[PDB]
Amino acid sequence: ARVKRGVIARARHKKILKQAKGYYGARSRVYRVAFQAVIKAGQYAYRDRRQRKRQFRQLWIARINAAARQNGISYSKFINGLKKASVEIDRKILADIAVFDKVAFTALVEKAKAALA
Amino acid sequence: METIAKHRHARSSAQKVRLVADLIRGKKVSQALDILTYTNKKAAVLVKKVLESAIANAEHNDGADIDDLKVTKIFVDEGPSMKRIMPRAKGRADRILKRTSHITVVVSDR
Amino acid sequence: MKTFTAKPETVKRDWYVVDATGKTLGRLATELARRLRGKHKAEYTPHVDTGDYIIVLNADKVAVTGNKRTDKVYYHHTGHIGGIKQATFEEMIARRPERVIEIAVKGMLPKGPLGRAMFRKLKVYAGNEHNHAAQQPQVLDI
Amino acid sequence: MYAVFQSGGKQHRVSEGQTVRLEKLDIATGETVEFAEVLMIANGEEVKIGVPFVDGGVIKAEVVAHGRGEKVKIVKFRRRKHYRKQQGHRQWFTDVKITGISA
Amino acid sequence: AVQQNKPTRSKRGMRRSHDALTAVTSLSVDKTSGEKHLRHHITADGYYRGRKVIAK
RNA sequence: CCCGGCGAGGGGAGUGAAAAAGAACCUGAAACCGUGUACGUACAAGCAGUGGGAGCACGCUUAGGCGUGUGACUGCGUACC
RNA sequence: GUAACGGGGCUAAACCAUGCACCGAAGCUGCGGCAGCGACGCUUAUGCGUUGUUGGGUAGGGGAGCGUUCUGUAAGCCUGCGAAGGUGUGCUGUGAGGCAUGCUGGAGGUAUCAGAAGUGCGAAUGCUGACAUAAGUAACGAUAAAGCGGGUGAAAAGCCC
Ligand SMILES: [Mg+2]
Ligand SMILES: [Mg+2]
Ligand SMILES: [Mg+2]
Ligand SMILES: [Mg+2]
Ligand SMILES: [Mg+2]
Ligand SMILES: [Mg+2]
Ligand SMILES: [Mg+2]
Ligand SMILES: [Mg+2]
Ligand SMILES: [Mg+2]
Ligand SMILES: [Mg+2]
Ligand SMILES: [Mg+2]
Ligand SMILES: [Mg+2]
Ligand SMILES: [Mg+2]
């Protein structure tokens with residue numbers, strides 16, 4: 001029972017090459033190079049599912065800081081005031097309000113200031 | 001109406017022929033012929049023959065209108081290469097490739 | 001929903017004029033860098049230039065503490081083998097006063113294409129006169 | 001008029017008529033779900049929360065669909081170490097359509 | 001003496017960026033015969049600047 | 001029958017179920033080399049991806065932050081055995 | 001080549017003491033999902049609702065699978081109203097994979113449950129064929145040497161006179 005490897009080998013190689021579309025030069029054409037690139041890409045993606053969470057929180061904090069200082073308080077003190085006032089709105093929502101509803105953000109700041117007093 | 005003429009297995013490298021082909025891409029047939037007449041390249045002779053054949057095909061097989069004809073498409077493809085041997089020094093042998101080309105010219109009134 | 005992103009085509013930028021007379025070099029620079037980057041706006045986006053245009057007047061009268069007038073040295077290499085050149089703060093102020101402020105701010109801006117674009121919005125003048133009256137700059141005490 | 005509520009360990013700012021994708025909920029397709037813990041309601045004036053959750057805030061929503069999200073591929077690899085592992089994943093979700101926000 | 005890495009097809013095209021040929025641009029027309037010719041050269045029929053130079 | 005050197009090669013006509021089955025002939029993969037179209041690219045520094053992301057083109061849908069292609073700018077990031 | 005804060009800069013943005021905030025990891029918590037191993041209640045080939053807890057990994061040990069060729073089931077079943085092979089697209093599983101379908105192709109293919117293996121390749125300065133790169137680059141083999149008129153020819157520096 002001799003087994004020829006042609007049909008199966010072709011299918012495996014095409015699978016990897018399909019995932020390498022868009023890559024530069026040999027990275028999207030040659031199997032040896034394409035395989036390494038596909039593996040690397042997956043390794044970055046696993047790491048970046050975690051990094052995405054870090055970067056977005058960092059962005060929200062920066063926007064809250066700016067909006068709060070426009071109302072005359074720093075981010076650090078603003079967060080403390082909300083905690084003392086038992087407000088549980090998270091940073092994702094706070095950053096959204098800071099950009100779209102500036103009146104509502106002012107009301108939040110006043111509540112924080114009252115609690116700190 | 002598109003008319004085609006081809007010179008398959010032409011004895012020239014595709015690279016050399018492509019230089020001449022670029023000169024006439026998109027030009028009117030009359031202008032193209034003049035350009036080729038005064039190009040001092042061996043490939044110019046080859047390309048001119050194919051262009052003339054395409055013009056003749058359009059006139060005889062199709063509906064003529066030479067004045068209206070224009071070189072819509074021209075490309076050169078690589079043909080089969082012939083392998084030869086070149087003796088070098090100290091008994092070593094090298095391989096010589098005699099490259100060929102496939103010349104395609106398309107002329108169209110539109 | 002997705003987090004809001006500033007659009008480089010719809011960013012609104014304002015013009016400001018600052019006087020540098022008797023202001024500490026470094027402390028002034030940090031504020032310039034913040035506003036050039038746009039960190040003071042709620043629409044701050046790290047990949048979009050959302051900052052403001054800032055005119056700096058009287059760059060020759062900027063102040064430094066300690067003995068830095070005579071001891072702060074600016075180094076640069078020309079690219080030729082020896083080519084290491086030095087200039088003290090006082091010498092820089094005498095030859096090209098605007099450079100002092102520009103150099104400080106550049107060191108505090110992000111490096112890369114976007115950072116270079118942010119630097120172009122800074123206009124530094126050695127004297128008390130500017131020619132951008134058409135842009136109607138607003139006084140900024142910073 | 002928008003309101004903020006917490007569902008699957010995450011918060012969402014919504015308005016009437018908007019469709020929001022949440023973590024899988026144990027309700028049928030046509031059923032109506034009510035979120036009683038409203039962090040904030042802002043119409044003309046804004047109602048905050050002296051203590052978490054506005055007194056009478058209720059958000060009514062109708063379940064729309066249950067499905068799985070796009071496939072993500074997990075790749076683990078240790079160079080020079082003869083180790084490689086791959087895994088797939090599709091996360092369940094529940095879409096709801098906000099019907100009414102009650103102050 | 002020899003390369004350490006294989007140059008790409010991109011760099012090959014960039015080197016050949018200056019290999020394009022130039023057309024003649026204009027062909028002169030003889031005043032008498034009306035025959036096209038390269039400027040300052042005799043025509044195929046032998047005419048040059050109107051005169052029947054050369055008997056061939 | 002037509003172009004060409006009474007060439008090579010090709011375009012028609014005709015045969016055939018099929019000639020993109022034409023003798024360099026079943027099927028005809030990949031490397032490699034071209035022509036056309038969309039988008040990007042001539043002040044910007046590195047394993048060339050990955051995470052975010054504007055604009056443009058083309059479909060869809062009465063838009064509906066949909067889909068496909070491209071990817072300015074930006075965080076992170078020194079192949080494999 | 002500044003080159004003994006990473007840099008800018010700093011007279012605090014340094015150091016000492018005290019205090020309260022905040023940032024900060026794949027740690028912990030929240031929400032959704034999967035698997036292993038124990039105790040449970042039921043029910044028995046168990047499974048659910050439970051219930052605790054556990055799941056970085058080289059050499060290496062243990063467990064469970066995918067796919068390929070061939071034999072039986074099969075004188076069955078699918079197929080010129082289009083087989084295998086090729087090339088796209090959509091859907092689907094935790095993975096090796098699977099399924100459907102457009103185009104190409106033009107005659108074979110094979111469920112299920114079993115059985116047997118020339119059963120899976122990226123590396124071995126592996127083996128054979130094809131095709132790249134350098135590159136239209138070096139070179140065209142004695143530095144005895146050519147010039148012109150005519151001829152022939154589609155074309156003549158090289159042939160003939
Ligand atoms: Mg010998
Ligand atoms: Mg950096
Ligand atoms: Mg013939
Ligand atoms: Mg064939
Ligand atoms: Mg470079
Ligand atoms: Mg975290
Ligand atoms: Mg954990
Ligand atoms: Mg393990
Ligand atoms: Mg192989
Ligand atoms: Mg040459
Ligand atoms: Mg060279
Ligand atoms: Mg040379
Ligand atoms: Mg010789």
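Worth knowing before you read on, the calculation uses all heavy atoms, side chains too, and leaves out hydrogens, waters and symmetry mates. So that the names make sense, note that chain A is the first sequence line, chain B the second, and so on, each numbered from 1.
Pairing for G:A12 is absent, judged as Watson-Crick or G-U wobble with the two contacts each under 3.5 Å. Using Watson-Crick or G-U wobble geometry with both donor-acceptor distances under 3.5 Å, G:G147 finds no partner in any strand shown. Remark: F:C39 base-pairs with no nucleotide; criterion is Watson-Crick or G-U wobble with both hydrogen-bond distances under 3.5 Å. Partner assigned to F:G28 is none, using Watson-Crick or G-U wobble distances below 3.5 angstrom. Under the Watson-Crick or G-U wobble criterion, with both distances below 3.5 Å, G:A114 is paired with G:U71. For G:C91, the paired base is G:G98 (Watson-Crick or G-U wobble, both distances below 3.5 Å). The partner of G:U152 cannot be assigned: no Watson-Crick or G-U wobble pair with both contacts below 3.5 Å exists in any strand. Within the shown strands, F:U70 is the pairing partner of F:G55 under the Watson-Crick or G-U definition, both distances less than 3.5 Å.
Between F:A29 and G:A138, the two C1' atoms lie 38 Å apart (nearest whole Å).
A side-chain donor-acceptor contact under 3.5 Å links A:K92 to the backbone of D:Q11.
In this model, the phosphate group of G:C23 is approached by a side-chain N or O of A:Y75 to a distance below 4.0 Å at OP1 or OP2. Distances shorter than 4.0 Å separate none of the side-chain N or O atoms of A:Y31 from OP1 or OP2 on F:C80. Note on A:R32: a side-chain N or O is less than 4.0 Å away from OP1 or OP2 of G:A123. Taking 4.0 angstrom as the limit, D:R90 places a side-chain polar atom (N or O) nearer than this to OP1 or OP2 of G:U92. When the side-chain nitrogen and oxygen atoms of A:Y46 are compared with OP1 and OP2 of F:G77, none of them lie within a distance under 4.0 Å. Contact annotation: A:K40 reaches the phosphate of F:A79 (side-chain N/O to OP1 or OP2, under 4.0 Å). Listed pair C:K68 / G:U11 meets the phosphate criterion, a side-chain N or O lying under 4.0 Å from OP1 or OP2.
Comparing F:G51, F:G9, F:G7 by their closest approach to the side chain of B:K49 singles out F:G7.
Residue whose closest nucleotide on RNA chain F sits further toward the 5' end, between B:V76 and D:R79: B:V76. The residue among D:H82 and D:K24 whose nearest nucleotide of RNA chain G is located toward the 5' end is D:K24. Of the residues near RNA chain G, C:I103 and D:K81, the one whose nearest nucleotide (by heavy atom distance) lies more toward the 5' end is C:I103.
Taking the 5.5 Å centre cut-off and the 30° plane limit, the aromatic side chain of C:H77 is classed as stacked on G:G1. Residue side chain B:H9 meets the stacking definition with respect to F:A24: its ring centre sits within less than 5.5 angstrom of the base's six-membered ring centre, and the planes differ by less than 30 degrees.
Ring centers of D:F93 and D:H66: at least 6.0 Å apart, outside the cut-off. Between B:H7 and B:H102, the distance from one ring center to the other does not fall under 6.0 angstrom. For D:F77 and D:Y83, the ring centers are positioned 6.0 Å apart or more.
Using a 4.0 Å heavy-atom cutoff across all strands shown, C:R116 reaches at least one base atom of the nucleic acid. Within the nucleic acid shown, E:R16 comes within 4.0 Å of sugar-phosphate atoms alone, with no base atom in reach, counting heavy atoms only.
Between G:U53 and G:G33, the two key atom distances do not both fall under 3.5 Å in a Watson-Crick or G-U wobble layout, so no such pair is counted. No Watson-Crick or G-U wobble pair links F:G14 with F:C60 when both atom distances must be under 3.5 Å. Between G:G60 and G:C28 there is no base pair of the Watson-Crick or G-U wobble kind with both of its two distances under 3.5 Å. G:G122 and G:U29 are not base-paired: they meet neither the Watson-Crick nor the G-U wobble geometry with both distances under 3.5 Å. In this structure G:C66 is paired with G:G120, meeting the Watson-Crick or G-U wobble definition at both distances under 3.5 Å.
In this structure, A:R63 is not positioned above the aromatic face of C:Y44 in the sense of NZ or CZ being under 6.0 Å from the six-membered ring centre and within 45° of the axis. C:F89 does not carry C:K72 over the face of its six-membered ring by the limits of under 6.0 Å from the centre and within 45° of the normal.
Between the side chain of B:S13 and the base of G:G136 there is at least one donor-acceptor pair of N/O atoms closer than 3.5 Å.
A salt bridge does not link B:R99 to B:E78: none of the charged side-chain nitrogens sits closer than 4.0 Å to a carboxylate oxygen.
By the rule that a glycosidic angle within 90° of 0 means syn, F:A48 counts as syn. In this structure, G:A12 is classed as syn because its glycosidic torsion stays within 90° of zero.
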